[PDB]
Every structure is written in C-alpha cells, then in structure tokens.
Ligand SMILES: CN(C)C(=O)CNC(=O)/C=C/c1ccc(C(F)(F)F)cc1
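Presented as structure tokens, the chain that follows is alone, the form deposited without the named molecule.
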C-alpha cells in the first residue's frame, strides 16, 4: 500500500522458489527433520521466564483471572505475529536483517534493532545461566552448601548476617554474589563467578559451533530433558504435604486486578518474550524449512505448547511454594508450642494450643497465607525459595541436581535462539571475510560477549543485571514487533503476502489472520506501548539493596538509582528503538 518501487528484483520470485531449494542444497543449512525445527522453536519460546516470572504474575495479576489477558493476547498477538515471522522467513529465504532490508532499504534499522536486542538479552541471560551452573556444581554433597550458617571465628554462634538472615539468603548474597551495598560501590571480579561465566559461554559455543547443524542434536536433549524433569518434579511435589495448598493459592481469582493498566502491560510484555518475537531468530530458523512447509500449522502447534507449558510449569512451582510454606508454618507453630510447653512446664498440638495457652512468653504469630505470600519473582524463586524447599526433602542432593540441570537446559535452549539472532545478521552485514568459516564468527561473538559480561561478576554485578533485565526487553521488543507487522502489511503489502502464503501452504490465510494482521494486533500493540509510558512515571527507578549493616537489615531496602543510571536506560532501551527511525532518516537523505 505504501509506494515502495523496485521490490521485485530484490526478493526471489515465486516461479524461482521451486528451483532455489535444489541449488541452496549447497551454501544454506537445512534441518534434518521437522521435529528438530519444531524442538529448536519450542526451546527458544520456553525459558527461565516460565519458571520465575509467569507463575508469579499469574497470581499477582489475579490468579486464574490472569489467564484471560494472557490467553487473549496469546491468540491476538502471539500466534498472529508468530505466523507473520514463520511465513516471511520461509518465503524470503533470509534471516531478519535480510528480510526487512529486502522489503525496503530503509527498513534495515528494523534488522539492526532485532540484532541489538538479541545481544543485550543474551548478555545477561547467559550470566543467569552462569549462576545456575554455580549452584549445580555445589549440588553434589549430602549437606547442600545452603543448608547451614558458617560458624563465627570464635565459633560461639553463626555469622551475624547469616544469623539475622537465612543460610539460603546468606549463600546467595554473600557466598555467590558477594553483593555490595549500592550500584555505585563496585569491587573486583568474583573469580568463582568468572569461572562459571567461562563455563556458560564455552557450553554455548560447543552447541552453536556450526549453527543449526550442531544445535539440532542439542535440542533433542536441551528441549526434551526439561519436560521429563518438570514431570518428575510434579509427581514429587504433589506427594509433599502442603502442595495443592499452593496450587489453590495460584488459582484464586481476584477479578479487580484485571481492571488495571499494569496487569495487561505485564501480560502483554510476557506473551512477546514467551514467544521470543522481534528477536529475529524465529525468522532465521523458519528460512531453513522447505518453501512448501505448512508454517500456519507450525505457529498454532508451537503456540498451543507454549500456552500449555506456561500453566504446567506454574503448577510445578506453586506445588513447591506450598510445601515450603507448609514446612515453615509447622516449624513456626512448633516453636510457639515449645515456648508455652517450656515456659509453663507442660501434649500441646496445633489442635490444642490456643485453648492450651489460654507476658514473659513471646508467641510468633504466623499464617500460611503470609508464608505463601513469600513467593517472589526473578532468580530469587530459584536461588532462595526452591533451594530452601529442596533442603527439607529426602535425597536433597538429587532433587538439587535435577532442578539445576532442568534450569540449565531451559536457559541453554533460549540461548540457541539469541545466538541465532546475533550471528545471522553479522553474516548479512559481511563484517568478516566471507571465506572465514562459521566457527570463527561464532567464536568471536562468544568471546566478545564473555568479556562484556565481567560487569556482572563485580560485587555490584547483580544490581546492573536487575537494571538491564528490566530495560533490555519491553520497549525495544514492542516497537520492533509493531514495525515488523507494519512493514509486512503496509510496505511489502498484505496482498502480496497472502498470494505468497497461498503459494507455499497451498491456500490463503483466513479472515482471522487478515483481521489481526491489519487492524487488531497493531492496535493492541499501541495500547501496550501507551501503557508503558503510563506505568513508567510510577517506577521511580528505585532498586533493592542488601546492605547487611542496615536497620531492619533482612527487611527490603529500596534506594533511588544514581542520576547517571538514566544514561544507561537511554542506551539499552533507546538506541535499539531509535535505530529504526535513525537508519530510515539516514537512508532517505543519502539518496536526496
């Protein structure tokens, strides 16, 4: 509809697509089976988010009710866009920088944005994988290292900070991170953190050394193992006393939460990341399929599995949350019973305590709801909540190994996608001599992103990661995804796209696809974009700090970010969003 001339003789023709696959047998990779392509896509979509983000939001944003906004946006934005990304990739026979550049020369910024976003996300996400594999290395010992406090130098009692806090909280903030009191206090590189960072980047080079050719064998385990382990954990969790109590907790409906601009923003930003859209690895992975693959049925199957996985992992996480809260509650009541029994020389059971007890004595009032409401979101759930719950289970060191290989596999499959998103665009820019083998490029990305990830091994390195994690996604992905849908409907033309799809699948997209590609999806992507600048003003950009030497130390302490932090937020959220106009102003005044 927008007047872009010279579009033919810049893309392959439909007449020429029947002959292009018997000549891209050489010089282009090709899946070995359809299952391999299907798995790699699943691993990209299913990630650590489905463990410590989606289950939290499901409850925080109205348990069971959150399903409404999540499923609405899933079928109105997720599937619709996922299809647009699978189809355009399989039709244009190129990755993300390839496709947008071909549709219109000024749309290159779109490709650049997707590559930048993929880099920024992969940088911090592999750092999380570095922390996962730190815990897994410490998961082969009868007494898990987060089971007990370290003794004082005098061994009179436990270390003060562990004493005031918890052995688990102590193992994360002091023995893993060695965290600082601020983002402005930065120290040295935690050598053990750097070792694990090395391990993470090295494990990812080996799977991505020769592209899909090597990642295909990897996804057979990286995308399957997590389902087996997630299953083994569901049968174990349900057996544990207190589970079901935490399932009920997840699925209690608070409709009032639906009437909130913060609910749909999260539900909206969750679908995009859960579907790994606007990263431009799904376009690259779809380009390797045959020109006549059904990419309409592949987008529905992936998106069904994505929506079933999200709920299924939430059932596993809230089974542990309910066992861990049922354990603390019983421990608390036992302590209160002991106080009365010892103080009054008393027998006393939860059934007969309040009646039995009826000034010197102190009773710590505790409610299961309060223990259940202790569920957090983001790493904390894995490094604090689960790690604690697992120490109170039989065969502790075997449930820890299985939980941290599962998280490892989740993270690693996601990394395959992000790496596809950084390397492919680099080969289309032709930054390195094309003569160079693929291993060289992938090895220079894996070594260059490793060296930048030393910022997160500083003592302040978790404060930096919590900032990038809150800005790397959201705005950039929302704007990138809005312009991919715009560029595929108003610039390439939705009429040429229907014809093309009819060419491969054999028929044209139905009215559902037409309605959502033209009017609905984009409109639904503007109100999520307007919600962002509505909630942002309430952010106050404040970050929680540990600060052992602080009043109510174990209590949350939120401090405002230093003014210079705004520069960081502008660079990680703005530059990947202003390259889309920025390259389009540069190209429109290089011709004139």
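Rigid core: the largest C-alpha set superposing within 1.5 Å between the two forms. Positions refer to the first chain, counted from 1.
What comes next is about the form solved in complex with the named molecule, which does not appear here.
Taking the pose of the named molecule in the entry with it bound and superimposing the nearby C-alphas onto this chain, the site is blocked, with at least three ligand atoms within 2.4 Å of backbone or C-beta atoms. The contact with the named molecule in the entry with it bound, taken as any heavy atom within 4.5 Å, belongs to 52 out of 52, 37, 546, 532. For the candidate set 456, 285, 171, 403, a heavy atom within 4.5 Å of the named molecule in the entry with it bound is found for exactly one residue, namely 403. Residues 230, 316 and 469 are all found to lie within 4.5 Å of the named molecule in the entry with it bound, as judged by heavy atom distances. The chain is drawn here without the named molecule; in the entry with it bound, the stretch among 22-30, 55-63, 562-570, 520-528 whose residues come within 4.5 Å of it by any heavy atom is 55-63. By the criterion of a heavy atom within 4.5 Å, residue 397 is excluded from the residues contacting the named molecule in the entry with it bound. Among heavy atoms of residue 382, some come within 4.5 Å of the named molecule in the entry with it bound.
In the entry with it bound, the named molecule lies farther than 4.5 Å from every heavy atom of residue 134. The named molecule is not drawn, but in the entry with it bound it has a heavy atom within 4.5 Å of residue 124. When the two forms are overlaid on the rigid core, CA displacement between the shown form and the other one of 2 Å or more is confined, within 532, 52, 546, 37, to 52. Superposition on the rigid core between the shown form and the other one places the CA atom of residue 338 2 Å or more away from its counterpart.
Here residue 565 does not count as shifted, since its C-alpha moves by less than 2 Å between the shown form and the other one after the core is aligned. Inter-residue distance, residue 394 to residue 50 (Cα): increased by at least 3 Å in the entry with it bound versus the depicted form. Note on residue 538 and residue 557: their C-alpha atoms are more widely spaced in the entry with it bound, a change of at least 3 Å from this conformation.
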